[PDB]
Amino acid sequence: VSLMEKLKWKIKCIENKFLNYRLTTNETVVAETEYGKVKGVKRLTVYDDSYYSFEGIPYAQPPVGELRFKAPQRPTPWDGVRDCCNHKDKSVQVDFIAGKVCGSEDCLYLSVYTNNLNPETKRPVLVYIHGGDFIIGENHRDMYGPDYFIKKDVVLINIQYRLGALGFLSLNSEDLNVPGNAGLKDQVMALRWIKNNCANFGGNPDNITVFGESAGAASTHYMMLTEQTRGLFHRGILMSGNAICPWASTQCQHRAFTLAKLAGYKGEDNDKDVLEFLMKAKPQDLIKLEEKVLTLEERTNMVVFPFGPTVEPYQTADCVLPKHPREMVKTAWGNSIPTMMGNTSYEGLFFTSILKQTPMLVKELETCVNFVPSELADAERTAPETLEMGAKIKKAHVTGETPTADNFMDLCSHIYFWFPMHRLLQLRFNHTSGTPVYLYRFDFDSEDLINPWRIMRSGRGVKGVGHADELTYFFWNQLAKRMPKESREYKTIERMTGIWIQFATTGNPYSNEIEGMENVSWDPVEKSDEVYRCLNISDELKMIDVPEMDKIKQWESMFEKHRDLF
């Protein structure tokens, strides 16, 4: 991120602060929770809709002191009224734009938003789990404003959960009770809170939808896989990711020692002494060092992140992931709830600036051996069969004589999103009984309305619909502006929130009351389908054969002689 955009961002932060003052009314309201009363505030949007805002509702004890690295514990109840008229801290993380550490360990909070606290009928509850690679993100309204959803009669809830090493440290020694996945256990405890408390805000605990994008989609899928959450919610939406994506899990049990050493630890590699050191470290020091944790060997083997969701080494009462997510799909309660999945039309455009900084990355397309799924590749990636699989990847994506950056980004869309989606659909068909799954493809490009993640990846002016560009049409943010009612952007906001609300309500994303959806016949994907069909959202809403299908089939062909691994 350039100094020019950093200054522009700081200017936007200040302007947003004063806008939020002008959007705050003097009307406050009290609601009940199982732990005590909370005070919220009525806010306006730039469109002059209004909503009640409760931020900083605790769903767990602050995970500090002896509770660092542990599963969340239920919070202490209070008498009186807890002030929820302002946001709390985000989880400790490196700011995606400023590049300095921010946040606090005191971050286990959720926010609840609704246009009417005493509605005439109990409302669908939509629960958003943010992405950010399990290392960044927040429920702050400068990124995730509820202003578009609250136009309609739903309850919207945005959760936080622990990030980075603080959320995902994992140690083999059973006596230490640090098995991993604390941040996913935070999500579990928040979902239990939502089930138990949403009725106090007008919500229907029998009609909860969990949705999330990127690592939030992997998170939502994990919440559909684990026995810990069986029956807690009723629809799921996986936006650009799932839990069997190769980037969505890692075995990180040996990395706590490495992190401790980077932070000044002088002792030996045993879990007890390593944990003792990490319990005393300042949290900012651990988070700032996370980028250095992966070893030369792990980088060589293309490990994505050092700490993240892991297969837990031993069983505990709160265990979320007892087996690899591919095996968990086989018995998952969430296979039996209505599900919607989708991606954008140029997911890999996300890598534009990375390829500008290091153009030699395109040389990876000469053989493509480094993109072959690890379960199919030999250890050295030199075996003739591995070169043959790489050649199939190359044929799918290299469209001219010499590989290009655009070819690289197209490949990225598939390795990180489309191919894992295909593998999940095919795996899940073998372990479900007719519960429908619906596909969408987000294909609406505008540069009149943008979001902060385009700036974070240095993508202003870059044409195409990249990863996370759809969030602009779901959430208000501090870079947004009021759009005319007749504008293509405004209509896209109405269509996207409208489809998500319709799916959350009924488990079927089609409604003739959504403009442009009248002539849509949106069937779910069947086991017998050889070509997937999806609702493509552009300036129009159209059912189409997934354009990515041919390339998806080319990736699948690598498994022809290894079908047991597909």
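From 1 onward, residues are counted along the sequence shown.
- For the segment pair 67-75 and 216-224, the entry gives 67-75 the higher mean B-factor, averaged over Cα atoms.
- Between 319-327 and 262-270, the higher mean Cα B-factor belongs to 262-270.
- When the C-alpha B-factors of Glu489, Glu364, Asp133, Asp106 are read from the PDB record, the largest value belongs to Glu364.
- Listed residues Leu238, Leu156, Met360, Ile159 were ranked by CA B-factor as deposited; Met360 comes out on top.
- In this PDB entry, the Cα temperature factor of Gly516 sits in the top third of its chain's modelled residues, the highest group.
- Among the modelled residues of its chain, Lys481 has a C-alpha B-factor that falls in the middle third according to the deposited record.
- When the modelled residues of the chain are ordered by C-alpha B-factor, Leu23 sits in the lowest third.
- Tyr346 sits in the middle third of its chain by CA B factor, as recorded in the PDB entry.
- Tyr438: CA B factor lies in the lowest third for its chain, per the PDB record.
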